>>> print(open('work.csv').read())   # CSV, C-alpha atoms and all ligand atoms
chain,number,residue,atom,x,y,z
A,89,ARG,CA,102.3,70.9,68.0
A,90,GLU,CA,103.1,74.0,70.1
A,91,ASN,CA,105.0,73.3,73.3
A,92,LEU,CA,105.9,76.3,75.5
A,93,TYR,CA,109.0,76.9,77.4
A,94,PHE,CA,110.0,79.6,79.9
A,95,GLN,CA,113.3,80.0,81.6
A,96,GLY,CA,114.5,76.6,80.4
A,97,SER,CA,111.5,74.5,81.4
A,98,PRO,CA,108.2,73.4,79.8
A,99,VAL,CA,105.2,75.5,80.7
A,100,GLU,CA,102.1,73.8,82.1
A,101,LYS,CA,99.0,75.9,81.6
A,102,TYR,CA,95.8,75.2,83.6
A,103,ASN,CA,92.3,76.7,83.2
A,104,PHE,CA,90.3,78.1,86.1
A,105,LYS,CA,86.6,77.1,86.4
A,106,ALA,CA,85.2,79.6,83.9
A,107,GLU,CA,82.2,80.7,85.9
A,108,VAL,CA,84.2,81.2,89.1
A,109,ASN,CA,86.8,83.2,87.1
A,110,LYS,CA,84.0,85.4,85.9
A,111,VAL,CA,82.7,86.3,89.3
A,112,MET,CA,86.1,86.6,90.8
A,113,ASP,CA,86.8,89.2,88.2
A,114,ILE,CA,83.8,91.1,89.4
A,115,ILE,CA,84.8,91.2,93.0
A,116,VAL,CA,88.5,92.1,92.6
A,117,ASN,CA,87.8,94.7,89.9
A,118,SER,CA,84.7,96.0,91.5
A,119,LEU,CA,84.6,99.7,92.3
A,120,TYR,CA,84.3,100.7,96.0
A,121,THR,CA,86.5,97.9,97.3
A,122,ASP,CA,89.0,98.3,100.2
A,123,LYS,CA,92.0,97.5,98.0
A,124,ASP,CA,94.5,98.0,100.9
A,125,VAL,CA,93.6,94.6,102.4
A,126,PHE,CA,95.6,92.7,99.8
A,127,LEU,CA,98.7,93.3,101.9
A,128,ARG,CA,96.9,92.2,105.0
A,129,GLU,CA,96.0,88.9,103.3
A,130,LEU,CA,99.5,88.2,101.9
A,131,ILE,CA,101.2,89.1,105.2
A,132,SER,CA,98.8,86.7,106.9
A,133,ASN,CA,99.8,83.9,104.5
A,134,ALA,CA,103.5,84.7,104.9
A,135,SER,CA,103.1,84.4,108.7
A,136,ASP,CA,101.2,81.1,108.5
A,137,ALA,CA,104.0,79.9,106.1
A,138,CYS,CA,106.6,80.7,108.7
A,139,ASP,CA,104.6,79.1,111.5
A,140,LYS,CA,104.3,76.0,109.5
A,141,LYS,CA,108.0,75.9,108.8
A,142,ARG,CA,108.9,76.5,112.5
A,143,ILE,CA,106.5,73.7,113.7
A,144,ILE,CA,107.8,71.1,111.1
A,145,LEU,CA,111.4,72.0,111.9
A,146,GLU,CA,110.8,71.4,115.6
A,147,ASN,CA,109.2,68.0,114.9
A,148,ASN,CA,112.0,67.0,112.5
A,149,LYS,CA,114.6,67.7,115.2
A,150,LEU,CA,112.7,65.6,117.8
A,151,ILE,CA,112.8,62.7,115.4
A,152,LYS,CA,116.4,63.3,114.3
A,153,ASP,CA,117.5,63.3,117.9
A,154,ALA,CA,115.7,60.2,119.0
A,155,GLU,CA,117.4,58.4,116.1
A,156,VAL,CA,116.5,54.8,115.1
A,180,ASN,CA,118.4,76.8,114.5
A,181,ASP,CA,117.3,79.1,111.7
A,182,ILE,CA,113.8,79.4,113.1
A,183,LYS,CA,115.4,82.7,114.3
A,184,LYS,CA,115.9,83.8,110.7
A,185,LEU,CA,112.1,83.6,109.9
A,186,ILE,CA,111.1,86.9,108.3
A,187,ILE,CA,108.7,88.6,106.0
A,188,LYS,CA,110.0,91.1,103.5
A,189,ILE,CA,108.3,93.8,101.4
A,190,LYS,CA,110.1,95.5,98.4
A,191,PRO,CA,108.5,98.1,96.1
A,192,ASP,CA,110.2,98.8,92.8
A,193,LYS,CA,108.8,102.0,91.3
A,194,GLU,CA,110.7,101.6,88.0
A,195,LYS,CA,109.3,98.1,87.3
A,196,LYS,CA,105.9,99.0,88.9
A,197,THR,CA,106.2,95.9,91.2
A,198,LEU,CA,105.6,95.2,94.8
A,199,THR,CA,107.2,92.0,96.1
A,200,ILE,CA,106.3,90.1,99.3
A,201,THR,CA,108.8,87.4,100.4
A,202,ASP,CA,108.8,84.9,103.2
A,203,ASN,CA,111.4,82.3,104.1
A,204,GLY,CA,108.6,80.0,105.3
A,205,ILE,CA,107.6,76.6,104.3
A,206,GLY,CA,107.2,77.2,100.6
A,207,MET,CA,105.2,75.0,98.2
A,208,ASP,CA,106.1,72.2,95.8
A,209,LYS,CA,104.7,71.9,92.3
A,210,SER,CA,101.7,69.9,93.4
A,211,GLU,CA,100.7,72.1,96.3
A,212,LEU,CA,101.2,75.1,94.0
A,213,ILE,CA,98.8,73.8,91.4
A,214,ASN,CA,96.2,72.5,93.8
A,215,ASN,CA,96.5,75.2,96.5
A,216,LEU,CA,96.8,78.3,94.4
A,217,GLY,CA,95.2,76.8,91.4
A,218,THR,CA,91.7,76.8,92.9
A,219,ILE,CA,89.9,80.2,93.4
A,220,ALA,CA,87.0,79.2,95.5
A,221,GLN,CA,89.0,78.9,98.7
A,222,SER,CA,87.4,79.0,102.2
A,223,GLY,CA,87.0,82.8,102.5
A,224,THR,CA,86.3,83.5,98.9
A,225,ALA,CA,83.7,80.7,98.7
A,226,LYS,CA,82.1,82.1,101.9
A,227,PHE,CA,81.9,85.6,100.4
A,228,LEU,CA,80.5,84.4,97.1
A,229,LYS,CA,77.8,82.4,98.8
A,230,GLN,CA,76.7,85.3,100.9
A,231,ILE,CA,76.5,87.5,97.9
A,232,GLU,CA,74.5,84.8,96.2
A,233,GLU,CA,72.2,84.5,99.1
A,234,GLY,CA,71.8,88.3,99.1
A,235,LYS,CA,73.6,88.5,102.5
A,236,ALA,CA,76.6,90.5,101.4
A,237,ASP,CA,77.3,93.3,99.0
A,238,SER,CA,79.8,92.4,96.2
A,239,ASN,CA,82.2,95.3,97.0
A,240,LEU,CA,83.0,94.0,100.5
A,241,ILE,CA,85.9,91.6,99.6
A,242,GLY,CA,87.7,93.4,102.5
A,243,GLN,CA,85.2,92.2,105.2
A,244,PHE,CA,86.2,88.7,104.3
A,245,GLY,CA,89.6,86.9,104.4
A,246,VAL,CA,89.8,85.9,100.8
A,247,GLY,CA,93.6,85.4,100.9
A,248,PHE,CA,96.0,85.3,98.0
A,249,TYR,CA,93.7,86.2,95.2
A,250,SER,CA,93.1,89.6,96.8
A,251,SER,CA,96.4,90.4,95.2
A,252,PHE,CA,94.3,91.0,92.1
A,253,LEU,CA,92.7,94.0,93.8
A,254,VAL,CA,95.8,95.9,92.9
A,255,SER,CA,97.6,93.8,90.3
A,256,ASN,CA,97.3,93.1,86.5
A,257,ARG,CA,99.5,90.1,86.8
A,258,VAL,CA,100.8,88.1,89.7
A,259,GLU,CA,103.9,85.8,89.9
A,260,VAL,CA,104.8,83.4,92.6
A,261,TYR,CA,108.3,81.9,93.0
A,262,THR,CA,108.3,79.3,95.7
A,263,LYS,CA,110.9,76.7,96.8
A,264,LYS,CA,110.1,73.9,99.2
A,265,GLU,CA,113.2,71.7,98.8
A,266,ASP,CA,116.0,72.4,96.3
A,267,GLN,CA,113.4,73.1,93.5
A,268,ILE,CA,111.9,76.4,92.5
A,269,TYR,CA,108.6,76.8,90.6
A,270,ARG,CA,107.0,79.8,89.1
A,271,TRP,CA,103.2,80.4,89.1
A,272,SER,CA,101.8,83.2,87.0
A,273,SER,CA,98.4,84.5,86.1
A,274,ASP,CA,96.6,87.7,85.0
A,275,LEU,CA,93.4,86.0,86.2
A,276,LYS,CA,92.0,85.8,82.6
A,277,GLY,CA,91.1,82.1,82.3
A,278,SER,CA,94.2,80.3,83.3
A,279,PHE,CA,97.5,80.2,85.2
A,280,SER,CA,100.9,78.8,84.3
A,281,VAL,CA,103.4,76.8,86.2
A,282,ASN,CA,107.0,76.1,85.2
A,283,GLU,CA,110.2,75.2,87.0
A,284,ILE,CA,113.1,77.7,87.2
A,285,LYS,CA,116.2,75.4,87.0
A,286,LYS,CA,118.8,78.1,87.6
A,287,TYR,CA,117.2,80.6,90.0
A,288,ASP,CA,120.8,81.3,91.1
A,289,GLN,CA,120.2,84.7,89.5
A,290,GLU,CA,118.4,85.7,92.6
A,291,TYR,CA,119.7,84.8,96.1
A,294,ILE,CA,115.1,82.3,98.6
A,295,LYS,CA,117.8,80.4,100.5
A,296,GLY,CA,116.4,77.2,102.1
A,297,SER,CA,112.7,77.5,101.4
A,298,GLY,CA,110.3,80.3,100.9
A,299,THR,CA,107.8,82.1,98.7
A,300,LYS,CA,108.3,85.3,96.7
A,301,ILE,CA,105.2,87.1,95.4
A,302,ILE,CA,105.6,89.7,92.7
A,303,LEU,CA,102.7,92.0,92.2
A,304,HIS,CA,102.6,93.8,88.9
A,305,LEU,CA,100.5,96.8,89.9
A,306,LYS,CA,97.6,98.3,88.2
A,307,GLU,CA,98.2,101.8,86.8
A,308,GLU,CA,95.7,103.3,89.4
A,309,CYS,CA,97.5,101.6,92.3
A,310,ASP,CA,101.0,103.1,92.3
A,311,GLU,CA,100.6,104.5,95.8
A,312,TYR,CA,101.5,101.0,97.0
A,313,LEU,CA,105.0,101.7,95.7
A,314,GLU,CA,105.3,104.4,98.3
A,315,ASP,CA,107.2,104.0,101.5
A,316,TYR,CA,104.8,105.9,103.8
A,317,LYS,CA,101.9,103.9,102.4
A,318,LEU,CA,103.5,100.5,103.0
A,319,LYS,CA,104.5,101.5,106.5
A,320,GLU,CA,100.9,102.7,107.2
A,321,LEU,CA,99.5,99.3,106.0
A,322,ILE,CA,102.1,97.2,107.8
A,323,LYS,CA,101.1,99.0,111.0
A,324,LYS,CA,97.4,98.5,110.4
A,325,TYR,CA,97.7,94.8,109.5
A,326,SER,CA,100.7,93.6,111.6
A,327,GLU,CA,99.5,94.1,115.2
A,328,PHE,CA,99.1,90.4,115.8
A,329,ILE,CA,101.8,89.1,113.4
A,330,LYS,CA,104.7,87.7,115.5
A,331,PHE,CA,107.3,87.5,112.8
A,332,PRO,CA,109.4,90.5,111.9
A,333,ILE,CA,108.5,92.4,108.8
A,334,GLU,CA,111.2,94.2,106.8
A,335,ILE,CA,110.2,97.0,104.4
A,336,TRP,CA,113.0,98.0,101.9
A,337,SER,CA,113.3,101.7,101.2
B,401,LIG,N1,103.3,82.6,101.2
B,401,LIG,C1,103.0,81.3,101.2
B,401,LIG,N2,103.9,80.4,101.5
B,401,LIG,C2,103.5,79.1,101.5
B,401,LIG,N3,102.3,78.6,101.2
B,401,LIG,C3,101.3,79.5,100.8
B,401,LIG,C4,101.6,80.9,100.8
B,401,LIG,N4,100.5,81.6,100.5
B,401,LIG,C5,99.4,80.7,100.2
B,401,LIG,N5,100.0,79.4,100.5
B,401,LIG,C6,99.2,78.2,100.3
B,401,LIG,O1,98.1,78.4,99.4
B,401,LIG,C7,96.9,78.1,100.0
B,401,LIG,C8,95.8,79.0,99.4
B,401,LIG,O2,96.0,80.3,99.9
B,401,LIG,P1,94.7,81.3,100.0
B,401,LIG,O3,94.0,81.3,98.7
B,401,LIG,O4,95.2,82.6,100.6
B,401,LIG,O5,93.8,80.5,101.1
B,401,LIG,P2,93.7,80.6,102.7
B,401,LIG,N6,93.9,82.3,103.1
B,401,LIG,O6,92.4,80.2,103.1
B,401,LIG,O7,94.9,79.9,103.3
B,401,LIG,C9,97.1,78.4,101.5
B,401,LIG,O8,96.3,77.6,102.3
B,401,LIG,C10,98.6,77.9,101.7
B,401,LIG,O9,98.6,76.5,102.0
>>> encode(input="work.csv", output="structure tokens", more="lines below")
Ligand SMILES: Nc1ncnc2c1ncn2[C@@H]1O[C@H](COP(=O)(O)OP(N)(=O)O)[C@@H](O)[C@H]1O
Amino acid sequence: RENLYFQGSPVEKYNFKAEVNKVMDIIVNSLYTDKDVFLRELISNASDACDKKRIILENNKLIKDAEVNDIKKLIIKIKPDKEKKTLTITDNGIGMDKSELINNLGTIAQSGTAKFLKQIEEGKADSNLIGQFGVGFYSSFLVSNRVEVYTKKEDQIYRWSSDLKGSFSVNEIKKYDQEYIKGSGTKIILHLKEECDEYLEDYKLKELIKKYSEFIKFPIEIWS
């Protein structure tokens, strides 16, 4: 009897596997973690997303030619906003459609996270060592109360949001013409934990970009 809308579209809420959510909570909120790695992980995903776009564009062209460009614009952008307490990482890479977004981001036990958890379980790894593994996107929760993802694959924009407390939400944004992701891309908005405002600082971002960028072959732009 209660249908939910956000920005003009119905909101679909999905539950995480409860047990997994429980343990994920422990590792991202654990004391003595290397919280900095969240940026390593997101930049790594942004680079992969640009690589995927480049490769698919090249193949498309081959097939368009045979019958029957902006690869140069590929970039990763990082924007702190001290007043809103947000850090935003944006790529103009492949993006995700609704389905990929629910199935890809909607499952916590990824490859690296599952690995880590199993080692902990087998007594082979300490539970504060999230950094020692490549857990990917969900590492954003090392430093965030809430995470949003706005991603466009082809003419449609979808928003994913979660505070990692049992569920995530997905809804379409029909008129995202309020913000100029051009062709495709993914915009990740981190709503930072109170104790994590140093990630709003220019010198800190630069330091991390330098530590985690050495092998990333797409330009990274830090605003301010
Ligand atoms: N920035 C991004 N752009 C496009 N797709 C993205 C993305 N960040 C994550 N994704 C998709 O979500 C999936 C899950 O991400 P993650 O949990 O970091 O797993 P991973 N590091 O093993 O790839 C990725 O494999 C990728 O397909």
>>> residues_near_ligand(input="work.csv", ligand="ligand LIG 401 (chain B)", cutoff="9 Å", atoms="all atoms listed in the file", output="VMD selection string")
chain A and resid 129 to 138 140 200 to 207 211 to 212 214 to 224 245 to 250 260 262 264 298 to 301
>>> closest_residue(input="work.csv", among="A:284, A:186, A:297, A:278", to="residue 335 of chain A", atoms="all atoms listed in the file")
A:186
>>> residues_near_point(input="work.csv", point="(104.7, 100.7, 87.2)", cutoff="9 Å", atoms="all atoms listed in the file", output="list in words")
residues 192, 193, 194, 195, 196, 197, 304, 305, 306, 307, 309, 310 and 313 of chain A
>>> atom_distance(input="work.csv", atom1="atom CA of residue 257 of chain A", atom2="atom CA of residue 303 of chain A")
6.6 Å
>>> atom_distance(input="work.csv", atom1="atom CA of residue 272 of chain A", atom2="atom CA of residue 229 of chain A")
26.8 Å
>>> residues_around(input="work.csv", residues="residue 322 of chain A", least_positions_apart="2", cutoff="12 Å", atoms="all atoms listed in the file", output="VMD selection string")
chain A and resid 124 to 132 187 to 189 200 312 315 to 320 324 to 329 332 to 335
>>> atom_distance(input="work.csv", atom1="atom CA of residue 199 of chain A", atom2="atom CA of residue 146 of chain A")
28.6 Å
>>> closest_residue(input="work.csv", among="A:241, A:321, A:281, A:302", to="residue 120 of chain A", atoms="only C-alpha atoms")
A:241
>>> closest_residue(input="work.csv", among="A:258, A:198, A:285, A:239", to="residue 115 of chain A", atoms="all atoms listed in the file")
A:239
>>> residues_around(input="work.csv", residues="residue 119 of chain A", least_positions_apart="6", cutoff="12 Å", atoms="all atoms listed in the file", output="compact mmCIF listing (two decimals) with C-alpha atoms, in the frame of the given file")
# COMPACT_ATOMS: atom_id res chain seq x y z
CA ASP A 113 86.80 89.20 88.20
CA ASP A 237 77.30 93.30 99.00
CA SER A 238 79.80 92.40 96.20
CA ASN A 239 82.20 95.30 97.00
CA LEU A 240 83.00 94.00 100.50
CA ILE A 241 85.90 91.60 99.60
CA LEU A 253 92.70 94.00 93.80
CA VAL A 254 95.80 95.90 92.90
>>> closest_residue(input="work.csv", among="A:123, A:330, A:184, A:323", to="residue 296 of chain A", atoms="only C-alpha atoms")
A:184
>>> closest_residue(input="work.csv", among="A:276, A:154, A:208, A:235", to="residue 112 of chain A", atoms="only C-alpha atoms")
A:276
>>> closest_residue(input="work.csv", among="A:288, A:100, A:314, A:90", to="residue 336 of chain A", atoms="all atoms listed in the file")
A:314
>>> decode(input="work.csv", residues="segment 144-212 of chain A", atoms="C-alpha atoms", output="PDB file, in the first residue's frame")
ATOM      1  CA  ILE A 144      34.142  -1.901 -26.859  1.00  0.00           C
ATOM      2  CA  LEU A 145      34.305   1.350 -28.876  1.00  0.00           C
ATOM      3  CA  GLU A 146      37.193  -0.001 -30.919  1.00  0.00           C
ATOM      4  CA  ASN A 147      35.332  -3.232 -31.664  1.00  0.00           C
ATOM      5  CA  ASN A 148      32.169  -1.296 -32.525  1.00  0.00           C
ATOM      6  CA  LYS A 149      34.077   0.777 -35.058  1.00  0.00           C
ATOM      7  CA  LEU A 150      35.541  -2.305 -36.707  1.00  0.00           C
ATOM      8  CA  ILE A 151      32.057  -3.682 -37.220  1.00  0.00           C
ATOM      9  CA  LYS A 152      30.583  -0.330 -38.248  1.00  0.00           C
ATOM     10  CA  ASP A 153      33.293   0.045 -40.913  1.00  0.00           C
ATOM     11  CA  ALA A 154      32.979  -3.421 -42.440  1.00  0.00           C
ATOM     12  CA  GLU A 155      29.265  -2.707 -42.833  1.00  0.00           C
ATOM     13  CA  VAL A 156      26.879  -5.453 -43.965  1.00  0.00           C
ATOM     14  CA  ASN A 180      37.246   9.336 -31.318  1.00  0.00           C
ATOM     15  CA  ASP A 181      36.391  10.354 -27.752  1.00  0.00           C
ATOM     16  CA  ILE A 182      38.571   7.542 -26.426  1.00  0.00           C
ATOM     17  CA  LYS A 183      40.860  10.552 -25.900  1.00  0.00           C
ATOM     18  CA  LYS A 184      38.348  12.136 -23.551  1.00  0.00           C
ATOM     19  CA  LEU A 185      38.535   9.195 -21.101  1.00  0.00           C
ATOM     20  CA  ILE A 186      39.188  10.631 -17.664  1.00  0.00           C
ATOM     21  CA  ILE A 187      38.754  10.095 -13.941  1.00  0.00           C
ATOM     22  CA  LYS A 188      37.666  13.042 -11.775  1.00  0.00           C
ATOM     23  CA  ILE A 189      37.795  13.561  -8.029  1.00  0.00           C
ATOM     24  CA  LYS A 190      35.813  16.445  -6.319  1.00  0.00           C
ATOM     25  CA  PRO A 191      35.625  17.154  -2.588  1.00  0.00           C
ATOM     26  CA  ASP A 192      32.843  19.379  -1.286  1.00  0.00           C
ATOM     27  CA  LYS A 193      33.567  20.445   2.280  1.00  0.00           C
ATOM     28  CA  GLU A 194      30.218  22.138   2.775  1.00  0.00           C
ATOM     29  CA  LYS A 195      28.205  19.030   1.878  1.00  0.00           C
ATOM     30  CA  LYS A 196      30.805  16.678   3.415  1.00  0.00           C
ATOM     31  CA  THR A 197      30.994  14.699   0.152  1.00  0.00           C
ATOM     32  CA  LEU A 198      33.760  13.256  -1.988  1.00  0.00           C
ATOM     33  CA  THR A 199      32.794  12.437  -5.561  1.00  0.00           C
ATOM     34  CA  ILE A 200      34.636  10.142  -7.960  1.00  0.00           C
ATOM     35  CA  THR A 201      33.493  10.255 -11.581  1.00  0.00           C
ATOM     36  CA  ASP A 202      34.495   8.409 -14.708  1.00  0.00           C
ATOM     37  CA  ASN A 203      33.222   8.675 -18.258  1.00  0.00           C
ATOM     38  CA  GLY A 204      33.772   4.970 -18.725  1.00  0.00           C
ATOM     39  CA  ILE A 205      31.409   2.204 -19.693  1.00  0.00           C
ATOM     40  CA  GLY A 206      28.775   2.862 -17.025  1.00  0.00           C
ATOM     41  CA  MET A 207      26.169   0.318 -15.860  1.00  0.00           C
ATOM     42  CA  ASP A 208      22.529  -0.366 -16.801  1.00  0.00           C
ATOM     43  CA  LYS A 209      19.830  -1.097 -14.234  1.00  0.00           C
ATOM     44  CA  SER A 210      20.461  -4.824 -14.373  1.00  0.00           C
ATOM     45  CA  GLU A 211      24.246  -4.671 -14.031  1.00  0.00           C
ATOM     46  CA  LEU A 212      23.771  -2.183 -11.217  1.00  0.00           C
TER      47      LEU A 212
END
